[PDB]
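Asks: I am attaching a structure below and will ask some questions about it afterwards.
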Amino acid sequence: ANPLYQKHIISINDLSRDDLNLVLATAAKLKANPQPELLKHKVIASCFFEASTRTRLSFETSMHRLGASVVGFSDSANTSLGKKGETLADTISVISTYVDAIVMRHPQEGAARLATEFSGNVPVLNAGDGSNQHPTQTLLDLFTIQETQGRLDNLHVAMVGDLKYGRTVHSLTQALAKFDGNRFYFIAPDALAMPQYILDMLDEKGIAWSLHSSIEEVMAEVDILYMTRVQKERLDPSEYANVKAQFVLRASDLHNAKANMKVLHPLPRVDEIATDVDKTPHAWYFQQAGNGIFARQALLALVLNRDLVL
Amino acid sequence: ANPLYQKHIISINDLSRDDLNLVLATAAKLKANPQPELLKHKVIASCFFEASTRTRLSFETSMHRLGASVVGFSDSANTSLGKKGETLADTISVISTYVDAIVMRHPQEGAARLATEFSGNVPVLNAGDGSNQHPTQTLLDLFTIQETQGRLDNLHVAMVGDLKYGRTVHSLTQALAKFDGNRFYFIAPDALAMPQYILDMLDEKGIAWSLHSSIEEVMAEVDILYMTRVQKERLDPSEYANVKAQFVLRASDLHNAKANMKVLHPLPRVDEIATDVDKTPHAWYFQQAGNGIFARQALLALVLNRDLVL
Amino acid sequence: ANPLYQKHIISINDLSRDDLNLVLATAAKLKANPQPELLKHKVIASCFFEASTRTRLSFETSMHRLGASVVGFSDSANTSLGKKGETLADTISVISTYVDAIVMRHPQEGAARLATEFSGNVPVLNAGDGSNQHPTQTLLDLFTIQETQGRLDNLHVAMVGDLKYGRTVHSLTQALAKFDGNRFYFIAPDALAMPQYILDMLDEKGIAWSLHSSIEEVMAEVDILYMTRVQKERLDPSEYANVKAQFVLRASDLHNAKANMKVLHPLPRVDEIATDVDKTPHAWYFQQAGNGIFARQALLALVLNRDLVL
Amino acid sequence: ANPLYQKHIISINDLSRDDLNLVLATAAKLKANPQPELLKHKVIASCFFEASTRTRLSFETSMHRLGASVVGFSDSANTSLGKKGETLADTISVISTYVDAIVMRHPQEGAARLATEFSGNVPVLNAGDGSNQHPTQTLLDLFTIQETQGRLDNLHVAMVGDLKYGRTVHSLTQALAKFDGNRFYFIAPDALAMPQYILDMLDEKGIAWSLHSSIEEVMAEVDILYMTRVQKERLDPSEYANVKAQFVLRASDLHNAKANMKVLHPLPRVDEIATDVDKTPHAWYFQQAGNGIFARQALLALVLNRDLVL
Amino acid sequence: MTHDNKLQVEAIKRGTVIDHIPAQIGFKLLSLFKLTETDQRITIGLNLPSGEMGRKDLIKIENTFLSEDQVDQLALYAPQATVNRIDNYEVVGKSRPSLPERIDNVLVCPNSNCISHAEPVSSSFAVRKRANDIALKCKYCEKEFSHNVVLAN
Ligand SMILES: N[C@@H](CN(O)N=O)C(=O)O
Ligand SMILES: N[C@@H](CN(O)N=O)C(=O)O
Ligand SMILES: N[C@@H](CN(O)N=O)C(=O)O
Ligand SMILES: N[C@@H](CN(O)N=O)C(=O)O
Ligand SMILES: [Zn+2]
């Protein structure tokens with residue numbers, strides 16, 4: 001069957017360029033020609049140990065669009081899981097006897113990988129494990145960039161905001177570094193700069209990257225403007241204000257932007273992108289969000305259905 | 001139609017040996033040959049007034065595996081039910097006009113029976129009502145024993161742990177006492193011994209049973225080792241420790257066990273069975289849990305579909 | 001000067017017969033002639049790590065009646081409590097530098113003794129530590145019996161209720177066993193009987209004791225009827241009610257009681273003593289509670305003031 | 001009469017060199033000869049809008065040791081608090097009519113200064129206002145250094161930990177910079193380094209300072225080792241641990257320390273000072289905390305009593 | 001019978017022997033690798049004379065051999081320690097602990113939020129040698145630290 005058949009989808013790093021291409025290819029296909037009965041008699045577990053509505057609704061919607069059945073929860077004190085000392089291991093050993101696939105979201109970093117060792121034959125798709133991995137988020141980002149730019153190589157990518165803790169941009173930076181000729185522009189306050197280990201990686205692959213203090217500094221060159229969330233709880237309230245400065249995007253900043261540029265954002269944007277931007281042709285965060293359905297549908301189709309789509 | 005058609009499934013005691021046989025027969029059948037469209041245009045209410053994730057996920061998974069639609073909740077302050085003085089009666093009178101069947105779990109002992117009096121024609125399946133009844137749990141246990149032992153009569157059954165409050169073992173003991181030639185071995189601390197009313201029943205049916213202080217005392221004879229949960233909140237913290245002694249199972253204890261013995265556990269086992277047991281061929285609690293799907297599927301099929309399975 | 005000056009009051013068992021007499025004698029003296037300025041310039045810490053309003057107010061009132069000042073907290077989840085980080089040791093090492101004495105209530109057994117190793121010449125009085133000790137409760141009990149019966153020897157003591165978990169009765173039994181010729185009557189449901197270690201102690205000293213199922217079996221010879229609280233959670237609802245029988249007290253039961261008998265209770269009597277008992281001359285639980293001020297004023301006086309009072 | 005009589009104590013920066021000396025001199029005098037009735041008929045409000053048990057008990061004990069009475073609340077979500085309606089202004093305008101002095105802790109920066117504009121000739125003492133000021137904490141720190149080192153000038157001060165957010169070290173640095181010839185050593189992870197505005201101040205006054213990565217780089221010349229608390233939340237778990245290195249203190253590290261060195265800490269030392277340090281003669285954090293009574297007794301004495309003490 | 005003595009202080013036979021273990025590292029290996037869970041005989045010597053100027057530990061455990069992906073596991077603790085197979089010197093290559101690609105069951109992830117801590121799984125770290133340092137990447141949380149971090153905590 002297809003290369004991802006019955007494979008656990010835990011980390012983006014475990015995904016080869018080939019894999020990414022196949023997932024993105026499938027995504028485009030299902031988008032063009034939906035297959036509502038593909039996974040008809042399948043039952044999928046949507047296990048959100050840590051709540052995350054949007055990601056959960058996107059994931060489950062994908063399951064339904066393929067015809068699969070869904071059961072699950074949101075352990076945010078809504079269930080009766082692991083009260084005293086009941087392990088994640090035992091939970092998986094149980095649930096893995098009920099369903100055909102487990103989609104899980106957990107607060108601890110290696111949850112999905114652990115699940116993998118107790119789910120015998122049942123595939124586990126990581127919907128997010130603490131500060132570590134979030135495979136499908138990266139896939140939907142790459143898909144959006146590819147669809148709006150027509151390729152994933154030789155692009156000018158700007159990433160703004162909290163580049164230090166936003167593991168969303170770490171995963172996306174590494175994903176794009178598996179393609180050639182990309183140039184990166186990193187805009188972030190000194191206290192939240194891209195980590196050195198990421199720059200080390202870019203250097204060793206000879207990829208070009210530069211630091212900048214403002215978006216306007218490179219607005220003219222950028223193909224993709226990736227806006228990130230800057231959590232208040234991070235810095236000091238006064239610290240934030242002093243830096244939020246322009247790591248905030250406003251319609252006015254797009255005066256000299258490329259006709260093809262798209263502004264992306266992991267989503268909760270309240271404090272980073274002004275609504276006046278929503279009207280411009282560059283705003284693509286809602287479309288980006290909409291693409292989560294195809295990337296996640298493609299992933300489920302690939303691991304649960306032997307042959308390729310069509 | 002079949003004897004259980006449109007029948008409420010509230011108490012194991014209301015189930016005749018014939019009934020148990022029919023449920024177990026159906027369970028094996030659906031296990032062998034799944035029927036994903038059996039209950040296609042049915043809508044089932046999954047009403048967990050009291051939360052219980054595993055039991056809920058098992059139950060709903062069963063509904064989907066048969067093709068039925070599911071709606072419901074977990075009243076653990078997640079809903080807006082009975083705020084001031086809104087009765088269970090009224091809740092049922094309402095919900096019973098929406099669905100084709102009600103699966104309910106409630107904190108009070110006669111909830112399911114009450115539901116029965118206000119659900120006109122709509123069948124109610126008790127998923128657990130306080131310290132009283134839990135029909136499907138017993139059915140899945142019996143099914144597991146039958147499948148692993150090839151019969152439900154003339155067996156050596158050991159029950160360890162909190163035999164006083166574990167209503168799981170009370171129901172299972174009574175269920176097995178409807179079959180012949182079974183011998184029971186009760187292992188529990190004096191403060192949590194099997195209740196006298198249960199022993200009275202065994203005596204009046206002339207069934208053999210004996211008390212023991214340790215598992216090793218009868219490990220050689222046992223066909224089924226039923227391990228129960230010992231809740232901390234029960235005894236005194238120091239009390240527990242002083243008795244937990246060996247009412248805990250470890251791989252080492254299985255040196256002289258019968259090749260056919262299976263170790264069962266209602267499930268939350270963290271504090272009773274050491275993980276090293278998980279590797280032995282005797283560990284059957286996860287398989288046991290997996291069987292909940294077939295026993296519960298069989299029950300739903302029987303009450304919602306006139307003719308027998310196939 | 002006095003034997004208890006500057007000593008830690010942690011366990012009733014560290015108190016010798018003479019200590020008990022000294023405390024009781026002091027209590028009577030302060031009751032007959034108050035000394036409102038005895039601890040005038042002292043500052044005492046009332047640290048209720050575990051909330052206990054009644055004994056807290058009793059303890060604090062005692063402090064004020066001797067003229068001392070009070071600082072403290074009922075950190076019952078309403079203080080910048082060590083976010084499960086700061087050790088009790090550190091808390092005490094800090095607090096012991098501010099005050100002259102520390103009265104503490106804690107959920108864990110051993111808390112007060114541990115504080116003792118970190119306080120600096122600053123005496124610690126145990127206001128209760130989990131299921132271990134409650135020194136002052138036994139003292140007020142002993143004081144109340146002595147005042148009403150004129151002595152603590154050659155008495156007929158009945159203890160009704162939860163004798164298994166009611167650690168106040170364990171302490172009171174061991175304290176009265178330090179006196180000669182006492183006779184005990186234990187009335188409790190078999191699931192909550194007096195612990196064998198207590199009976200062992202009594203046999204070791206040749207103290208006469210016996211078990212009874214109802215209070216009306218011994219009402220005729222009892223000098224002191226100590227009623228214990230029975231928390232339903234200690235048993236299941238159906239169990240509680242079943243045994244509830246007569247283990248509750250009501251006026252009609254005192255028809256043949258001795259003129260000198262007093263009915264005692266630690267409190268929270270909601271479910272054990274009917275209000276129609278309050279009017280009889282035997283009711284003495286509110287007077288008993290009122291004696292807490294004297295027994296605890298006495299301890300504070302002894303530990304913080306070198307010379308005896310009156 | 002005295003310079004601080006009836007003055008508001010809000011920011012350590014409003015305190016002149018002479019003020020600091022006066023407070024410290026008074027603190028030493030009260031420590032050598034207590035005055036239990038100095039504030040006899042005064043009534044002071046302890047208003048902890050934000051719970052802070054340790055500093056609250058320290059403040060309240062100070063009040064009682066001077067004979068004053070105390071009313072207040074640690075409205076840590078347990079008072080009929082202005083349901084996010086009543087302004088702090090109104091709260092103060094009411095409270096300032098009841099008492100003679102107001103000691104307040106608040107979550108927002110500026111709270112105490114705002115109270116100052118609504119209190120009526122009633123002095124307000126800031127017990128901490130968000131991330132701004134904590135006057136009395138700097139005073140006890142200064143007092144402890146003076147007592148142990150015999151002076152506040154010509155000292156070698158090392159500050160370890162979170163220098164970016166630990167506002168207690170910002171204040172202590174600015175206070176010690178009001179004295180001559182002091183030498184500073186800053187040891188902190190680069191992500192939590194001393195703020196540049198602080199270094200600017202030191203350069204402006206020609207004060208000698210330097211950065212170091214470990215305590216063992218300067219252990220030899222240090223007179224005062226001020227240990228700061230590092231809250232993991234300030235960084236991510238993996239980050240914290242990574243830097244944790246040596247920024248924690250343990251006995252073995254004090255092998256080459258100066259006989260006169262004292263190790264200080266605001267507290268909550270759970271994660272920075274190993275307990276094997278407590279026994280060395282250098283450990284002085286518990287004595288430091290104990291000096292809070294004297295420095296705060298001193299402030300209350302100065303602001304509420306016209307004439308100097310001793 | 002061919003064995004020939006009653007030596008309770010220093011002997012030999014069909015058994016593996018680890019050589020030149022730094023002081024205070026010998027017992028560590030006994031614990032970390034549960035080398036005493038054997039039924040086979042074991043003779044250890046600690047804080048004994050070294051290369052004419054120091055101190056060292058010595059471990060001799062009879063009737064048992066070590067492998068390549070095991071002796072290596074001593075690399076992070078006893079680097080310059082030699083391992084002479086002693087069925088009677090049937091050793092081949094200059095057996096010295098090299099850095100394994102993976103180190104399991106002994107290390108503890110410094111990351112407090114790592115799923116490995118409260119679960120029935122074995123620790124597992126990928127190894128990468130650094131200049132003046134050694135990087136260990138957790139199989140679970142995928143966080144990377146220096147052995148200096150992983151060995152302290
Ligand atoms: N996934 C987010 C919540 N969110 O926005 N969901 O759509 C979180 O858990 O932080
Ligand atoms: N049914 C259990 C919870 N659980 O383990 N559910 O799987 C209860 O309600 O106690
Ligand atoms: N009985 C309560 C204290 N309290 O307030 N009694 O009146 C306890 O033990 O926590
Ligand atoms: N440190 C706490 C107060 N407290 O109780 N300290 O012991 C705070 O800042 O809120
Ligand atoms: Zn890890």
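By order of appearance in the structure tokens: chains A, B, ..., then residues from 1 within every chain, and ligands from 1 in the order shown.
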So which residues are near ligand 5, meaning at most 9 Å away with only C-alpha atoms and all ligand atoms counted, given back as a list in words?

Replies: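 Going residue by residue within 9 Å of ligand 5, we get residues 109 and 110 of chain A; 238 of chain D; 108, 109, 110, 111, 112, 113, 114, 115, 116, 117, 123, 124, 125, 137, 138, 139, 140, 141, 142, 143 and 144 of chain E.
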
Asks: Residues within 6 Å of ligand 3, counting only C-alpha atoms and all ligand atoms: report them as an MDAnalysis selection string.

Replies: chainID C and resid 51:55

Asks: Taking only C-alpha atoms and all ligand atoms into account, which residues are within 10 Å of ligand 2, as a ChimeraX atom specification?

Replies: /A:79-83,86,91,94-95 /B:48,50-58,105-107,127-128,130,266-269,289

Asks: Would you give me, as a list in words, the residues in region 144-214 of chain D that DSSP reads as strand (DSSP E)?

Replies: residues 156, 157, 158, 159, 160, 183, 184, 185, 186, 187, 208, 209, 210, 211 and 212 of chain D

Asks: List the spatial neighbours of residue 62 (chain E) as a list in words - criterion: any atom at most 12 Å away, only C-alpha atoms, same-chain residues fewer than 4 positions off excluded.

Replies: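 Skipping anything fewer than 4 positions along the chain leaves residues 10, 11, 12, 13, 14, 15, 16, 17, 18, 35, 36, 38, 39, 40, 41, 42, 43, 44, 66, 85, 86, 87 and 88 of chain E.
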
Asks: I need the chosen residues saved as an mmCIF file, in the first residue's frame, with C-alpha atoms.

Replies:
data_model
loop_
_atom_site.group_PDB
_atom_site.id
_atom_site.type_symbol
_atom_site.label_atom_id
_atom_site.label_comp_id
_atom_site.auth_asym_id
_atom_site.auth_seq_id
_atom_site.Cartn_x
_atom_site.Cartn_y
_atom_site.Cartn_z
ATOM 1 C CA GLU E 10 41.739 -11.498 44.107
ATOM 2 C CA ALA E 11 41.208 -14.442 41.695
ATOM 3 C CA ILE E 12 40.300 -15.584 38.153
ATOM 4 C CA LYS E 13 38.272 -17.878 35.816
ATOM 5 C CA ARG E 14 35.614 -17.925 33.064
ATOM 6 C CA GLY E 15 34.373 -14.404 33.787
ATOM 7 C CA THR E 16 34.416 -10.792 32.619
ATOM 8 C CA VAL E 17 36.454 -8.165 34.458
ATOM 9 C CA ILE E 18 36.258 -4.384 34.110
ATOM 10 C CA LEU E 35 25.365 -6.110 38.141
ATOM 11 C CA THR E 36 24.664 -7.829 41.471
ATOM 12 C CA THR E 38 23.520 -12.204 39.248
ATOM 13 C CA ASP E 39 23.553 -15.642 40.816
ATOM 14 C CA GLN E 40 27.084 -15.943 39.506
ATOM 15 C CA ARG E 41 29.983 -14.974 41.765
ATOM 16 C CA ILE E 42 31.276 -11.415 41.967
ATOM 17 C CA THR E 43 34.487 -9.927 43.369
ATOM 18 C CA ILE E 44 34.868 -6.158 43.566
ATOM 19 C CA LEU E 66 29.844 -8.632 28.131
ATOM 20 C CA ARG E 85 37.214 -11.089 28.744
ATOM 21 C CA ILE E 86 38.679 -13.771 31.016
ATOM 22 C CA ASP E 87 37.525 -17.277 30.102
ATOM 23 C CA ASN E 88 41.330 -17.032 29.956
#

Asks: Can you work out which residues from chain D touch chain E at a cut-off of 9 Å (counting only C-alpha atoms) and hand them back as a PyMOL selection string?

Replies: chain D and resi 237-245

Asks: Tell me the residues of chain C close to chain B, meaning within 9 Å using only C-alpha atoms, as a ChimeraX atom specification.

Replies: /C:131,165,191,233-236

Asks: Skipping near chain neighbours, those fewer than 3 positions away, what residues fall within 7 Å of region 303-310 of chain D using only C-alpha atoms, listed as a list in words?

Replies: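 In the requested form, the answer reads residues 1, 2, 4, 5, 6, 7, 26, 29, 299 and 300 of chain D.
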
Asks: Set the distance at 9 Å and use only C-alpha atoms: which residues neighbour residue 176 (chain A) once local chain neighbours fewer than 4 positions away are removed? I'd like the list as a list in words.

Replies: residues 142, 152, 153, 171, 172, 180 and 182 of chain A

Asks: Could the residues in this selection be written to a file with N, CA, C and O atoms, as a tab-separated table (two decimals), in the first residue's frame?

Replies:
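Once everything was written out, this is again.tsv:
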chain	number	residue	atom	x	y	z
A	142	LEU	N	2.50	24.16	5.34
A	142	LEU	CA	3.21	23.87	4.11
A	142	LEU	C	2.23	23.80	2.94
A	142	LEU	O	2.50	24.31	1.85
A	152	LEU	N	7.41	25.08	-2.70
A	152	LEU	CA	7.91	25.15	-1.33
A	152	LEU	C	9.41	25.43	-1.32
A	152	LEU	O	10.05	25.44	-0.26
A	153	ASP	N	9.96	25.66	-2.50
A	153	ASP	CA	11.38	25.93	-2.63
A	153	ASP	C	11.58	27.33	-3.16
A	153	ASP	O	10.68	27.91	-3.77
A	171	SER	N	9.06	23.98	13.94
A	171	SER	CA	8.66	22.86	13.11
A	171	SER	C	8.52	23.27	11.64
A	171	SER	O	8.91	22.53	10.74
A	172	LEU	N	7.97	24.47	11.41
A	172	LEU	CA	7.79	24.97	10.06
A	172	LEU	C	9.13	25.36	9.42
A	172	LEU	O	9.34	25.15	8.22
A	180	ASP	N	14.90	23.32	-1.17
A	180	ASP	CA	16.01	24.21	-1.55
A	180	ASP	C	15.77	25.67	-1.89
A	180	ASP	O	14.68	26.07	-2.32
A	182	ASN	N	15.42	28.41	-0.12
A	182	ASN	CA	14.57	29.28	0.68
A	182	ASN	C	15.40	30.29	1.47
A	182	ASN	O	16.50	29.96	1.93

Asks: Find the residues around region 73-82 of chain E up to 8 Å (only C-alpha atoms counted), leave out those fewer than 4 positions away in its own chain, and share them as a ChimeraX atom specification.

Replies: /E:18-22,25,29,69,95-100,103

Asks: Just the selected residues (N, CA and C atoms), exported as an mmCIF file, in the first residue's frame, please.

Replies:
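Contents of out-v3.cif, as written:
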data_model
loop_
_atom_site.group_PDB
_atom_site.id
_atom_site.type_symbol
_atom_site.label_atom_id
_atom_site.label_comp_id
_atom_site.auth_asym_id
_atom_site.auth_seq_id
_atom_site.Cartn_x
_atom_site.Cartn_y
_atom_site.Cartn_z
ATOM 1 N N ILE E 18 36.108 -5.763 34.562
ATOM 2 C CA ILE E 18 36.258 -4.384 34.110
ATOM 3 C C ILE E 18 37.456 -3.782 34.847
ATOM 4 N N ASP E 19 38.320 -3.107 34.094
ATOM 5 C CA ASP E 19 39.548 -2.546 34.633
ATOM 6 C C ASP E 19 39.683 -1.018 34.656
ATOM 7 N N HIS E 20 40.422 -0.523 35.650
ATOM 8 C CA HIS E 20 40.689 0.905 35.833
ATOM 9 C C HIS E 20 39.451 1.789 35.951
ATOM 10 N N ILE E 21 38.577 1.481 36.904
ATOM 11 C CA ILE E 21 37.365 2.271 37.117
ATOM 12 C C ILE E 21 37.682 3.403 38.093
ATOM 13 N N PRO E 22 37.364 4.655 37.722
ATOM 14 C CA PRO E 22 37.640 5.797 38.603
ATOM 15 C C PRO E 22 36.956 5.608 39.951
ATOM 16 N N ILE E 25 32.998 5.410 41.046
ATOM 17 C CA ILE E 25 32.282 5.115 39.811
ATOM 18 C C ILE E 25 32.004 3.616 39.728
ATOM 19 N N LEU E 29 28.174 1.848 38.862
ATOM 20 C CA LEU E 29 27.924 0.896 37.787
ATOM 21 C C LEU E 29 27.198 -0.330 38.312
ATOM 22 N N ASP E 69 27.720 -3.700 22.431
ATOM 23 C CA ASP E 69 26.752 -2.672 22.791
ATOM 24 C C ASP E 69 26.432 -2.664 24.286
ATOM 25 N N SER E 95 39.519 -4.078 23.504
ATOM 26 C CA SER E 95 38.222 -3.784 24.114
ATOM 27 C C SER E 95 38.180 -2.568 25.020
ATOM 28 N N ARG E 96 37.755 -1.444 24.453
ATOM 29 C CA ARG E 96 37.642 -0.199 25.206
ATOM 30 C C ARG E 96 36.302 0.452 24.894
ATOM 31 N N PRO E 97 35.619 0.945 25.933
ATOM 32 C CA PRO E 97 34.317 1.590 25.804
ATOM 33 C C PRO E 97 34.268 2.779 24.860
ATOM 34 N N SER E 98 33.527 2.635 23.770
ATOM 35 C CA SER E 98 33.360 3.719 22.815
ATOM 36 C C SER E 98 31.995 4.311 23.113
ATOM 37 N N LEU E 99 31.675 5.453 22.518
ATOM 38 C CA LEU E 99 30.366 6.049 22.772
ATOM 39 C C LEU E 99 29.259 5.357 21.994
ATOM 40 N N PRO E 100 28.266 4.822 22.706
ATOM 41 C CA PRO E 100 27.142 4.132 22.073
ATOM 42 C C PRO E 100 26.281 5.152 21.366
ATOM 43 N N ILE E 103 21.668 5.329 24.753
ATOM 44 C CA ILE E 103 21.859 4.929 26.143
ATOM 45 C C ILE E 103 20.482 4.803 26.774
#

Asks: Just checking: using only C-alpha atoms, which residue out of A:23, A:302, A:296, A:280 ends up closest to residue 63 (chain A)?

Replies: A:296

Asks: Give me, as a ChimeraX atom specification, all polymer residues having an atom no more than 7 Å from residue 135 (chain C), counting only C-alpha atoms and skipping those fewer than 4 positions away in the same chain.

Replies: /C:10-12,126,139

Asks: Could you tell me which of A:178, A:49, A:66, A:272 comes closest to ligand 1 if we count only C-alpha atoms and all ligand atoms?

Replies: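 Nearest to ligand 1: A:49.
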
Asks: Quick one: pull the distance between CA of residue 298 (chain D) and CA of residue 44 (chain D), Å, one decimal.

Replies: 14.7 Å

Asks: Have a look at A:104, A:32, A:216, A:146 and name the one nearest to residue 60 (chain A); count only C-alpha atoms.

Replies: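 Answer, going by the shortest atom-to-atom distance: A:104.
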